[PDB]
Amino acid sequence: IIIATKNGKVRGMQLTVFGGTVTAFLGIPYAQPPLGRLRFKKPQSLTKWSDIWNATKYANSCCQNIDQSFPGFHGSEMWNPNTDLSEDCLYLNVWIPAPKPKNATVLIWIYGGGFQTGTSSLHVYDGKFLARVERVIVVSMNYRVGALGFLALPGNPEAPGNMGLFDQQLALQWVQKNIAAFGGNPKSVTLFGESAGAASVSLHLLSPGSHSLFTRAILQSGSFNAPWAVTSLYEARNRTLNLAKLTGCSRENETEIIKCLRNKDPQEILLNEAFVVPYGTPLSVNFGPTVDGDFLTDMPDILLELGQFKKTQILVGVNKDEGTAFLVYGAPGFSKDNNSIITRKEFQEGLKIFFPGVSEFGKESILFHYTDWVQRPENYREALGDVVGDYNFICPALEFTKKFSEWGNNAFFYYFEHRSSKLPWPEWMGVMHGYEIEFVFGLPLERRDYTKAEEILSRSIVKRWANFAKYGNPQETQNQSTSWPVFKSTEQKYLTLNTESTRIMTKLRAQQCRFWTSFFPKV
């Protein structure tokens, strides 16, 4: 049907889902296309239109480099943009239950992709299942990534930094001002994302400007305190300048640098983003969030430590094998096409790839902590993966949770350990980074595809995620399920998610994280 929004009318399309119907509005604009003089600037308000805007298909995805490491492989290509790339990419999608709901809780998705890639139109971010099954309204948006989204010149409005985060914020505002018209409750909005998406959600919890645009938060495999999540003002400057040189835009006047960069084609900017860093890693985030003094008013770690953040409930979690996915993008001896049994020497070279500017002592300390074998040919293969996963995702997430809960709010932590039966990647990579997503969005609820055990697991996660959003408590109260306990700094209880048996456990990776959280920061 047609919904009247603050800026004009929009037309959706009906979709058949599980013997029912969901109304989708794909591609609603929420900001002025950031083209020309508007490139690198915070998103500007949109101008009211007349006629009926047709939101019947996904809009353009934002400019970004694509993963070409495995042409023709679904494992990597399922994450690549499935929509035309373009600077004109500030659009959002809405899925609403049918018949129209009266005051439905709203779930807003923020995709990940290291702040360099990603898009809301991916097959695995389809919100129709959630709308259909739990009667919630699902919203997702495209936000600028890479240099076009995070290039920074602190203090300069021509390129202030964090533009992609402000894109996200403008979309949350759109929901605040328009979701009622779709039958949604702007007072019951839960943000949820994965990877850089999760890091973005955690930053919205810290940004005063986002405080009133949402109720609760869900962080899947990511938080701002991850080593790859925030670019230092130092790195940012060197990077903006390196990009300038590489494009022949170096100028005495910094604003002239930007004007120059505003004449380059999106491709020239994308082509040179990779080289702005002397030596990067398969986890490098060339252009990401920075302390801009606007969206972020101080180093986020300080804000977290001193309780300066939105007080509300949070649901946080990570996957069993967060690090494996990155091993095949640079680690010697690794390949998705063999068991990747590596040697001590390869493990050591591996650390060089993942910890480039780290002292020799720092790398030895990582090896000492992870090589105290408990024989087996895959010891080193498994150790490098845990090293990358604990350092980059698991430990930062736990620390974030512990620090956040220390200020009074209920927090729930999960450990996702189920390996999709349809995973394209080899078994040795295990429960990979990004592969709990399809379960959260309820893809396994669709029988035409996944085992029965997977349908049941996805059905529970969906119910838990929905109950969290609506009631702030991730329980599944009807089918004699394990109760999900609150996570406290003392006992640190967490729930495991799998098909076998869900369990309550305590102090995840206790020994490993003491190393990363307490010691490693010093080297």
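Residue numbers run from 1 along the displayed sequence. Between two forms, the rigid core is defined as the largest C-alpha subset superposing within 1.5 Å.
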Name the stretch that deviates more in 9 other deposited structures of this protein: 104-112, or 278-286? Use RMS CA distance to the shown form, core superposed.
-> 278-286
Count class of coordinate-free deposited residues lying between the neighbours residue 449 and residue 450 = 1 to 3
Stretch exceeding the other in mean C-alpha B-factor - 396-404, 340-348 | 340-348
So which stretch wins on mean C-alpha B-factor, 244-252 or 425-433?
-> 244-252
Specify which of 309, 391, 150, 373 carries the largest Cα B factor in the deposited PDB entry.
-> 373
Among the candidates 111, 228, 441, 275, give the one with the maximum CA B-factor reported in the record.
-> 275
Within this chain's modelled residues, let me know which third the CA B factor of residue 174 belongs to: lowest, middle or highest.
-> middle
Cα B factor band for residue 261 (lowest, middle or highest third within the chain) | highest
For residue 466, return the chain-relative third of its C-alpha B-factor as stated in the PDB record: lowest, middle or highest.
-> lowest
Within this chain, which third does the Cα B-factor at residue 97 fall in: lowest, middle or highest?
-> highest
When the modelled residues of the chain are sorted by Cα temperature factor, does residue 161 land in the lowest, middle or highest third?
-> lowest
